[PDB]
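Undergrad: Please read through the structure below; I'll follow up with questions.
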Amino acid sequence: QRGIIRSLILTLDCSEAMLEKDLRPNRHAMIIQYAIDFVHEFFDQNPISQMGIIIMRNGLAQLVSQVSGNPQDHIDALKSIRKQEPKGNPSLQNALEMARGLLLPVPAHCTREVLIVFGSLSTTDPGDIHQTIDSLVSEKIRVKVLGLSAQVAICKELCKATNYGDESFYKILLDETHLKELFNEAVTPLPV
């Protein structure tokens with residue numbers, strides 16, 4: 001919308017839970033498909049904003065697309081990722097620390113947003129995630145989590161702490177239809 005320059009780190013769970021075939025053909029393939037749609041729409045409606053994409057896989061965070069305002073970079077990252085099998089543990093901490101490395105070099109007057117699609121029941125982290133959360137709050141990184149089905153306490157806390165106590169940024173999707181809607185709502189800039 002040109003008025004606000006956004007930085008959005010799209011963070012995708014590509015861990016073992018994402019193999020599940022309840023969402024079709026499996027959760028991984030479905031999220032990627034909708035993330036692709038999200039990228040096109042995000043850049044069409046935020047023409048001077050930026051995105052970077054991170055995945056959670058094998059206990060690690062991995063950068064799949066660097067921060068840029070070129071939709072094709074992010075589409076290409078998502079397409080090379082959809083051909084590979086989700087695996088191992090998800091680590092919210094590793095992902096959130098990587099996101100800091102992506103966001104911090106960026107000039108201060110851009111928004112700092114992390115959008116996580118989470119399909120797992122727990123996080124497996126190397127250290128103290130609450131320290132990482134402290135860091136996020138102080139550097140004003142706002143975190144939204146789109147969760148599949150099940151309540152995960154740390155997600156609730158994460159989104160609450162980085163959104164001025166507001167608990168509406170941890171959201172549960174049960175099907176494609178609601179996932180599409182949640183992504184579309186992310187296309188619109190954050191309130192306050």
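Undergrad: At a temperature of 20 °C and a viscosity of 1.002 mPa s, determine how fast segment 21-112 diffuses translationally according to Stokes-Einstein, using the Kirkwood radius over alpha-carbon pairs as Rh; express D in µm²/s, rounded to the nearest whole number.
TA: 151 µm²/s
Undergrad: Report relative contact order for the chain in percent, whole number only (criteria: Cα-Cα under 8 Å, sequence separation at least 6).
TA: With pairs under 8 Å counted, the relative contact order is 24 percent.
Undergrad: Counting pairwise Cα distances across segment 36-192, what percent come out greater than 19 angstrom?
TA: Of the Cα pairs, 55 percent sit more than 19 Å apart.
Undergrad: Calculate the FRET efficiency for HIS109 and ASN26 from the Cβ-Cβ distance with a Förster distance of 30 Å, rounded to the nearest 0.05.
TA: According to the calculation, E is roughly 0.15.
Undergrad: Let me ask you something else. Near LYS83, which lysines are there with a Cα under 24 Å away, not counting those fewer than 8 places off in the same chain?
TA: Output for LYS83: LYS21, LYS180.
Undergrad: Follow-up question, since we're still on this one. What dipole magnitude, in Debye to the nearest 20, does the chain give about its Cα centre under +1 on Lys/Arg Cβ and -1 on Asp/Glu Cβ?
TA: Dipole about the Cα centre, nearest 20: 240 debye.
Undergrad: How much length is gained if the chain between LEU19 and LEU63 is pulled fully straight, taking 0.36 nm per residue apart and subtracting their Cα-Cα distance, in nm to one decimal?
TA: Answer, rounded to one decimal: 13.8 nm.
Undergrad: So how much slack lies between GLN33 and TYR164, counting 0.36 nm per residue of separation and subtracting their Cα-Cα distance, in nm?
TA: 44.0 nm
Undergrad: Run the quick spin-label model on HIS40 and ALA153: label points 7 Å from Cα toward the beta carbon, then report their separation in nm to one decimal.
TA: 4.2 nm
Undergrad: What list of ³J(HN,Hα) values in whole Hz, one per residue of segment 118-133 in order, does the Karplus curve 6.51 cos²θ - 1.76 cosθ + 1.60 (θ = phi - 60°) give from phi, with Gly and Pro shown as x?
TA: So the Karplus estimates, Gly and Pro as x, are 10, x, 9, 9, 7, 10, 10, 10, x, x, 8, 5, 5, 5, 4, 4 Hz.
Undergrad: Considering amide H positions built from the backbone, and no H for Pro or chain starts, which residues 5 or more places from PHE118, or on another chain, come under 5 Å of its amide H?
TA: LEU146, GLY147, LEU148
Undergrad: Direction-averaged shadow area of the convex hull around the Cα atoms of segment 123-181, nm²?
TA: Mean shadow area of the hull around the Cα atoms is 4.5 nm².
The numbers here are math on the coordinates, done by the rules we state, and not lab data. Cβ atoms come from the backbone with ideal geometry, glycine included; neighbour counts cover every protein chain shown.
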